[PDB]
Amino acid sequence: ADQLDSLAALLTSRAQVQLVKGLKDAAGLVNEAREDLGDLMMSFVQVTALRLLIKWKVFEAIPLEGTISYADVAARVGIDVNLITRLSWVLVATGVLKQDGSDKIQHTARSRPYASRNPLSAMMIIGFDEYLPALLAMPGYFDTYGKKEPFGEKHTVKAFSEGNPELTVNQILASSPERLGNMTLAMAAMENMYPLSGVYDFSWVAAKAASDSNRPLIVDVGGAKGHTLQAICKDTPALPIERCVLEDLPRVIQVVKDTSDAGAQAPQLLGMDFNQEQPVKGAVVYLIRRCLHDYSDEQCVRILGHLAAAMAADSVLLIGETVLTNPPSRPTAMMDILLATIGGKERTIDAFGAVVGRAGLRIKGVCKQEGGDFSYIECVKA
Ligand SMILES: Nc1ncnc2c1ncn2[C@@H]1O[C@H](CSCC[C@H](N)C(=O)O)[C@@H](O)[C@H]1O
């Protein structure tokens, strides 16, 4: 253990993706269970103070620069100064806020984002509002439904924790557009996970584009608003977006059309259900990015099967997903459990290989993002 202690010690000497990972592992080593439990409990109180002070517009009342008294803050937001102080003190002690003197509060780099509506503060809100209750409900959920991996769009941990297990997550939300708004803004933060253009080379697709002037190039299966297609084609004249196909449910496709500027360059648009047969045959590339992790292996096999039958011998299927290492990293282990609250999971390359093989495909290679585990798994017909 004395080496990591030294590794981090030389890291902190220069200080005066893993710059701070070793600081997590060092903390783990030295702490005993009772220090772990107090740290965990402090996390829950810290997030609660964060959520309330965002909700009550306190961070907004605190100037980005300079100092303001607790009294003045409380008068601005119209709230009991004692309650404002007690919750601020949680953030002072953890270093999210900074106290000057006995009575004065101020922002830090770590708290300024919470002073406005933005993807970070949106993520804070949905985490507290849309995932924490599901995690807290997990002991009762697994007593109620059986201690097995949760899948299916009804009776999610999330719907259970909200008191209506018969609703889907989307039905639950379409009843309150405010929750809708927070969720959509929050997902913008990682709307650009690492992109194909760069991480994957489509030069060979241009050669296919010339050799067959007639065939579909890239089909983005469940591609939402088609940001990934736009990025791939943007400045490649041999990769024409007009030869590509954006597929998603009819409701989201309709929104794509209703929110697109006239005369803009667009892929073909096709409303469809990727649990049923794939309408576009023989394309060069089928891309399914961040979709399979919402589903059981069995549903993933059905989805991939439709793609395999539509694919030609020289077609490739690109699966854009996190590929867990065995054991997984902290943030991907974390997401793995969050996905369980909504009926999904992350997977190792072995688990993907089992699902891919069952769909009559085989994994030809994997391109992994630098400094993370998000990958494109390149598959071809078996
Ligand atoms: N049955 C279905 N058929 C087609 N699309 C579906 C679907 N069920 C969910 N989706 C779509 O799958 C997407 C999952 S989110 C992933 C979006 C995009 N690939 C990205 O990289 O961010 C959503 O756009 C959703 O509309």
# chains A, B, ... in the order shown; residues from 1 in each chain; ligands from 1
>>> residues_near_ligand(ligand="ligand 1", cutoff="7 Å", atoms="only C-alpha atoms and all ligand atoms", output="number ranges by chain")
A: 191, 221-224, 228, 247-249, 252, 272-275, 288-291
>>> residues_around(residues="residue 287 (chain A)", least_positions_apart="5", cutoff="10 Å", atoms="only C-alpha atoms", output="VMD selection string")
chain A and resid 196 218 to 223 228 to 229 246 307 316 to 320 376 to 378
>>> atom_distance(atom1="CA of residue 190 (chain A)", atom2="CA of residue 120 (chain A)")
10.2 Å
>>> residues_around(residues="region 53-55 of chain A", least_positions_apart="4", cutoff="8 Å", atoms="only C-alpha atoms", output="ChimeraX atom specification")
/A:49,59-60,87-88,114-115
>>> residues_around(residues="region 276-280 of chain A", least_positions_apart="4", cutoff="10 Å", atoms="only C-alpha atoms", output="list in words")
residues 215, 216, 219, 221, 245, 247, 270, 271, 272, 286, 302, 303, 304, 305, 306, 307, 308, 309, 310 and 311 of chain A
>>> select_by_dssp(residues="region 68-228 of chain A", states="helix (DSSP H, G or I)", output="PyMOL selection string")
chain A and resi 70-77+81-94+112-115+119-130+132-136+138-145+157-161+169-173+177-187+196-199+203-211+227-228
>>> write_last_selection(atoms="C-alpha atoms", output="PDB file, in the first residue's frame")
ATOM      1  CA  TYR A  70     -26.506  35.638   6.250  1.00  0.00           C
ATOM      2  CA  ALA A  71     -29.094  38.205   7.348  1.00  0.00           C
ATOM      3  CA  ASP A  72     -29.034  39.962   3.973  1.00  0.00           C
ATOM      4  CA  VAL A  73     -29.253  36.642   2.131  1.00  0.00           C
ATOM      5  CA  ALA A  74     -32.213  35.553   4.246  1.00  0.00           C
ATOM      6  CA  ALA A  75     -33.965  38.875   3.667  1.00  0.00           C
ATOM      7  CA  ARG A  76     -33.428  38.612  -0.099  1.00  0.00           C
ATOM      8  CA  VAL A  77     -34.972  35.120  -0.298  1.00  0.00           C
ATOM      9  CA  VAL A  81     -32.104  33.256   8.794  1.00  0.00           C
ATOM     10  CA  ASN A  82     -31.517  30.370  11.217  1.00  0.00           C
ATOM     11  CA  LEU A  83     -32.429  27.746   8.647  1.00  0.00           C
ATOM     12  CA  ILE A  84     -30.399  29.522   5.949  1.00  0.00           C
ATOM     13  CA  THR A  85     -27.381  29.546   8.265  1.00  0.00           C
ATOM     14  CA  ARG A  86     -27.598  25.906   9.350  1.00  0.00           C
ATOM     15  CA  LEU A  87     -27.735  24.641   5.756  1.00  0.00           C
ATOM     16  CA  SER A  88     -25.079  27.082   4.531  1.00  0.00           C
ATOM     17  CA  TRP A  89     -22.869  25.769   7.335  1.00  0.00           C
ATOM     18  CA  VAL A  90     -22.986  22.293   5.758  1.00  0.00           C
ATOM     19  CA  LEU A  91     -21.581  23.804   2.566  1.00  0.00           C
ATOM     20  CA  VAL A  92     -19.042  25.886   4.502  1.00  0.00           C
ATOM     21  CA  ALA A  93     -17.705  22.846   6.345  1.00  0.00           C
ATOM     22  CA  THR A  94     -17.397  20.845   3.117  1.00  0.00           C
ATOM     23  CA  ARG A 112     -20.897  29.293  -8.632  1.00  0.00           C
ATOM     24  CA  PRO A 113     -22.490  26.811 -11.116  1.00  0.00           C
ATOM     25  CA  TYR A 114     -25.430  26.419  -8.766  1.00  0.00           C
ATOM     26  CA  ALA A 115     -26.210  30.138  -9.052  1.00  0.00           C
ATOM     27  CA  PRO A 119     -26.775  21.617 -17.248  1.00  0.00           C
ATOM     28  CA  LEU A 120     -24.695  21.095 -14.084  1.00  0.00           C
ATOM     29  CA  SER A 121     -27.360  22.463 -11.740  1.00  0.00           C
ATOM     30  CA  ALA A 122     -29.978  20.622 -13.794  1.00  0.00           C
ATOM     31  CA  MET A 123     -28.039  17.375 -13.162  1.00  0.00           C
ATOM     32  CA  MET A 124     -27.958  18.119  -9.429  1.00  0.00           C
ATOM     33  CA  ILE A 125     -31.742  18.576  -9.378  1.00  0.00           C
ATOM     34  CA  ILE A 126     -32.650  15.441 -11.307  1.00  0.00           C
ATOM     35  CA  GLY A 127     -30.176  13.326  -9.352  1.00  0.00           C
ATOM     36  CA  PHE A 128     -31.838  14.373  -6.094  1.00  0.00           C
ATOM     37  CA  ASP A 129     -35.378  14.377  -7.481  1.00  0.00           C
ATOM     38  CA  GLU A 130     -35.278  11.547 -10.062  1.00  0.00           C
ATOM     39  CA  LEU A 132     -32.171   9.240  -5.144  1.00  0.00           C
ATOM     40  CA  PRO A 133     -35.753   8.211  -4.218  1.00  0.00           C
ATOM     41  CA  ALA A 134     -35.395   5.142  -6.408  1.00  0.00           C
ATOM     42  CA  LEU A 135     -32.157   4.116  -4.711  1.00  0.00           C
ATOM     43  CA  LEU A 136     -33.711   4.606  -1.285  1.00  0.00           C
ATOM     44  CA  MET A 138     -34.429  -0.435  -3.529  1.00  0.00           C
ATOM     45  CA  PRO A 139     -34.614  -2.572  -0.327  1.00  0.00           C
ATOM     46  CA  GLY A 140     -38.426  -2.504  -0.475  1.00  0.00           C
ATOM     47  CA  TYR A 141     -38.497  -2.895  -4.249  1.00  0.00           C
ATOM     48  CA  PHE A 142     -36.545  -6.155  -4.194  1.00  0.00           C
ATOM     49  CA  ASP A 143     -38.635  -7.565  -1.350  1.00  0.00           C
ATOM     50  CA  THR A 144     -41.722  -6.728  -3.389  1.00  0.00           C
ATOM     51  CA  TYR A 145     -40.633  -7.934  -6.837  1.00  0.00           C
ATOM     52  CA  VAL A 157     -37.704   0.931  -9.300  1.00  0.00           C
ATOM     53  CA  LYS A 158     -38.366   4.566 -10.228  1.00  0.00           C
ATOM     54  CA  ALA A 159     -42.115   4.165 -10.815  1.00  0.00           C
ATOM     55  CA  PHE A 160     -42.318   2.063  -7.645  1.00  0.00           C
ATOM     56  CA  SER A 161     -40.619   4.774  -5.586  1.00  0.00           C
ATOM     57  CA  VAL A 169     -40.908   6.477 -16.588  1.00  0.00           C
ATOM     58  CA  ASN A 170     -42.017   8.562 -19.550  1.00  0.00           C
ATOM     59  CA  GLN A 171     -45.697   8.512 -18.571  1.00  0.00           C
ATOM     60  CA  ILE A 172     -44.635   9.596 -15.070  1.00  0.00           C
ATOM     61  CA  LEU A 173     -42.857  12.634 -16.472  1.00  0.00           C
ATOM     62  CA  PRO A 177     -43.377  19.494 -17.826  1.00  0.00           C
ATOM     63  CA  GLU A 178     -41.154  21.057 -15.146  1.00  0.00           C
ATOM     64  CA  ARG A 179     -39.598  17.653 -14.450  1.00  0.00           C
ATOM     65  CA  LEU A 180     -39.434  17.231 -18.230  1.00  0.00           C
ATOM     66  CA  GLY A 181     -37.582  20.524 -18.519  1.00  0.00           C
ATOM     67  CA  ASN A 182     -35.020  19.684 -15.845  1.00  0.00           C
ATOM     68  CA  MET A 183     -34.372  16.240 -17.351  1.00  0.00           C
ATOM     69  CA  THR A 184     -33.817  17.505 -20.900  1.00  0.00           C
ATOM     70  CA  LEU A 185     -31.465  20.314 -19.828  1.00  0.00           C
ATOM     71  CA  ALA A 186     -29.495  17.900 -17.637  1.00  0.00           C
ATOM     72  CA  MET A 187     -28.943  15.399 -20.462  1.00  0.00           C
ATOM     73  CA  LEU A 196     -17.576   9.187 -33.982  1.00  0.00           C
ATOM     74  CA  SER A 197     -15.774  11.740 -36.139  1.00  0.00           C
ATOM     75  CA  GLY A 198     -12.373  11.362 -34.511  1.00  0.00           C
ATOM     76  CA  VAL A 199     -12.896   8.192 -32.450  1.00  0.00           C
ATOM     77  CA  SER A 203     -12.845   7.010 -44.705  1.00  0.00           C
ATOM     78  CA  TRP A 204     -13.733   3.464 -45.738  1.00  0.00           C
ATOM     79  CA  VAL A 205     -17.381   4.558 -45.808  1.00  0.00           C
ATOM     80  CA  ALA A 206     -16.560   7.266 -48.367  1.00  0.00           C
ATOM     81  CA  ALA A 207     -15.047   4.614 -50.625  1.00  0.00           C
ATOM     82  CA  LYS A 208     -18.273   2.630 -50.227  1.00  0.00           C
ATOM     83  CA  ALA A 209     -20.251   5.828 -50.891  1.00  0.00           C
ATOM     84  CA  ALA A 210     -18.486   6.232 -54.248  1.00  0.00           C
ATOM     85  CA  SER A 211     -18.557   2.534 -55.207  1.00  0.00           C
ATOM     86  CA  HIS A 227     -26.426  15.442 -33.554  1.00  0.00           C
ATOM     87  CA  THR A 228     -24.124  12.436 -34.085  1.00  0.00           C
TER      88      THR A 228
END
>>> closest_residue(among="A:111, A:12, A:3, A:31", to="residue 50 (chain A)", atoms="only C-alpha atoms")
A:111
>>> closest_residue(among="A:260, A:99, A:213, A:251", to="residue 238 (chain A)", atoms="only C-alpha atoms")
A:213
>>> select_by_dssp(residues="region 145-299 of chain A", states="strand (DSSP E or B)", output="list in words")
residues 200, 218, 219, 220, 221, 245, 246, 247, 248, 268, 269, 270, 271, 285, 286, 287, 288 and 289 of chain A
>>> residues_around(residues="residue 323 (chain A)", least_positions_apart="6", cutoff="8 Å", atoms="only C-alpha atoms", output="NGL selection string")
:A and (346-349 or 373-375)
>>> closest_residue(among="A:40, A:27, A:79, A:33", to="residue 52 (chain A)", atoms="only C-alpha atoms")
A:79
>>> atom_distance(atom1="CA of residue 2 (chain A)", atom2="CA of residue 15 (chain A)")
19.7 Å
>>> atom_distance(atom1="CA of residue 237 (chain A)", atom2="CA of residue 194 (chain A)")
22.0 Å
>>> residues_around(residues="residue 364 (chain A)", least_positions_apart="2", cutoff="7 Å", atoms="only C-alpha atoms", output="tab-separated table (two decimals) with N, CA and C atoms, in the first residue's frame")
chain	number	residue	atom	x	y	z
A	362	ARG	N	-20.96	-10.78	-34.90
A	362	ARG	CA	-19.73	-11.02	-34.17
A	362	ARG	C	-19.00	-9.71	-34.02
A	378	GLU	N	-17.55	-2.47	-32.93
A	378	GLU	CA	-17.78	-2.72	-34.35
A	378	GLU	C	-18.17	-4.17	-34.58
A	379	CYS	N	-19.37	-4.39	-35.10
A	379	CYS	CA	-19.91	-5.72	-35.31
A	379	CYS	C	-20.24	-5.92	-36.79
A	380	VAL	N	-20.14	-7.18	-37.23
A	380	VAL	CA	-20.50	-7.58	-38.59
A	380	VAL	C	-21.28	-8.88	-38.50
